[PDB]
Structure formats: structure tokens, C-alpha cells
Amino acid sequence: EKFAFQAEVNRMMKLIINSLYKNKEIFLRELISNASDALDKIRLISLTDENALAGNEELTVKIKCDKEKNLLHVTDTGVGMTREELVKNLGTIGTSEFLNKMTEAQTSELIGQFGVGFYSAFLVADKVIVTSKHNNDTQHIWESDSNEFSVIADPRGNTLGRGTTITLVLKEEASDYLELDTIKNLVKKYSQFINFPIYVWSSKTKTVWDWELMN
């Protein structure tokens, strides 16, 4: 269940981290963008597949902060990833050209263009966990501290229905992303042009918690 990252991915992670150290908040923009892409994918599949949305009838992005556990969660009800996809799509990668472009650039816009924004999560996380459920497979968990990664069948079973949850164990210097005021402001900014509703789990005054629409 243990795997090593492809050399190119190791270099890419380092380039991204060294290039965006000044604007770490971009990680949320990238995770939201990826969630949107995943939702576009299942929507495209639903055009031809009548049972496509059976595992979860909604098309949304939901963000939750768990200050107590030092976790930030970004969940989408997109197409999800099979076990094989978790291993291949996150562990391997015009890569040589991009790597040269990044180096020749030192990148915010470039990263999104080449579709490697996911790795910016390491700008603010000591550990990145990806739980995913695809219609053609069972739920699995991918986890990595960037020095290796593992994939295991999720012992909780099918809790997502369909989709993916990106869970970030924040670095000590990234505790700000556990605060609602900050997350709501960033989510609002990065969700403006997303064509799917994005919600943040928040409080409202007793004190009641529920999903708050951000776009």
C-alpha cells in the first residue's frame, strides 16, 4: 500500500513550494478549481449515463474547518477517483517543459494551467489526505507527508456516496486557515466564477451551525 513519488513529481512539489511561499493562500483556489473540474466531469458523464448521479444526487463543494483537530476539509460530489486513479493521478505526472518554465519563471498562473495545483496544498499542510469514491470502485484513502504516499481501502466504507474529500493537516504557521472569517473571505473570492454552489460549514446566532452559501 506504500508508494514512492515519481522523481518529476518530487521536483515539481519543490518548485511550487519555493515559488508560492509568499502567497500560500492560493492552495485554496487550486483545491476549489479541482473540485469544480471534478463536478464538470460527472456532469459530462451524466449526459450519457442515466445512473451517474445515483450515489449522491447533489453537485456541490463543501468546506469545513475543524480547529480542534487542526484540519481543513474540502469536499466535492464530483466524479471521484478509483483506487488505480489515486495511485496514478497523484503519484505521477509537457512536464519537462513545465518544470523548465517554472525554473525559468523563478508561477501562480502557470501552476493552474498545467493542472498541478493540488501540490500547492503542501504549502500549508504537513499531511494531505484524499478520500475518494468513484461509481466504479469502493472508497479509498490516499495519504502523504510528501516523502512517500500510501493508498488503502477506507475501513469506514462508502460514506461519501460519490466524490472526494481533501483533508489537510495544517502546518503550525497555517493555523489562520482554521478561522471562519478568513476561510469565508478566501472561499468567496476563489468561488466567484465556479458554476457549482460552494458552501462553508459556519455558525450563526443560541449558536447554530449549518452550510452557508458562498457564491
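When you see a residue number, it is the position in the sequence shown, counting from 1. Throughout, rigid core stands for the largest set of C-alpha atoms superposing within 1.5 Å between the two forms.
Student: Out of 168-176 and 22-30, which shows the greater rigid core-aligned C-alpha deviation in 9 other deposited structures of this protein?
Tutor: Looking at 168-176 versus 22-30 in 9 other deposited structures of this protein, the farther one turns out to be 22-30.
Student: Stretch 9-17 versus stretch 192-200: after rigid core alignment, which one is farther off in C-alpha RMS in 9 other deposited structures of this protein?
Tutor: Stretch with the higher C-alpha RMS distance in 9 other deposited structures of this protein: 9-17.
Student: What about residue 104, is it left unmodelled in a third or more of the other PDB entries we looked at?
Tutor: That residue is missing from at least a third of the other compared entries.
Student: In terms of residues present in the deposited sequence but not modelled, what lies between residue 205 and residue 206: none, 1 to 3, 4 to 9, or 10 or more?
Tutor: Per the record, 4 to 9 deposited residues are absent between residue 205 and residue 206.
Student: Relative to the deposited sequence, how many residues with no modelled coordinates occur between residue 106 and residue 107 (none, 1 to 3, 4 to 9, 10 or more)?
Tutor: 4 to 9 residues lack coordinates between residue 106 and residue 107.
Student: According to the deposited model, is the average Cα temperature factor higher in 61-69 or in 34-42?
Tutor: Per the PDB record, 61-69.
Student: Please compare 129-137 with 111-119 and say which has the higher mean C-alpha temperature factor in the record.
Tutor: For C-alpha atoms only, the mean B-factor is higher in 111-119.
Student: Of 79, 86, 93, 74, which one's C-alpha B factor is largest in the deposited record?
Tutor: Comparing C-alpha B-factors across 79, 86, 93, 74, the maximum falls on 93.
Student: Within this chain's modelled residues, let me know which third the CA B factor of residue 28 belongs to: lowest, middle or highest.
Tutor: For residue 28, the deposited C-alpha B-factor lands in the lowest third.
Student: Please rank the C-alpha B-factors of the chain's modelled residues and tell me whether residue 178 sits in the lowest, middle or highest third.
Tutor: For residue 178, the deposited C-alpha B-factor lands in the highest third.
Student: Where does the C-alpha B-factor of residue 54 rank in its chain, lowest, middle or highest third?
Tutor: Ranked within chain, residue 54 CA B lands in the highest tercile.
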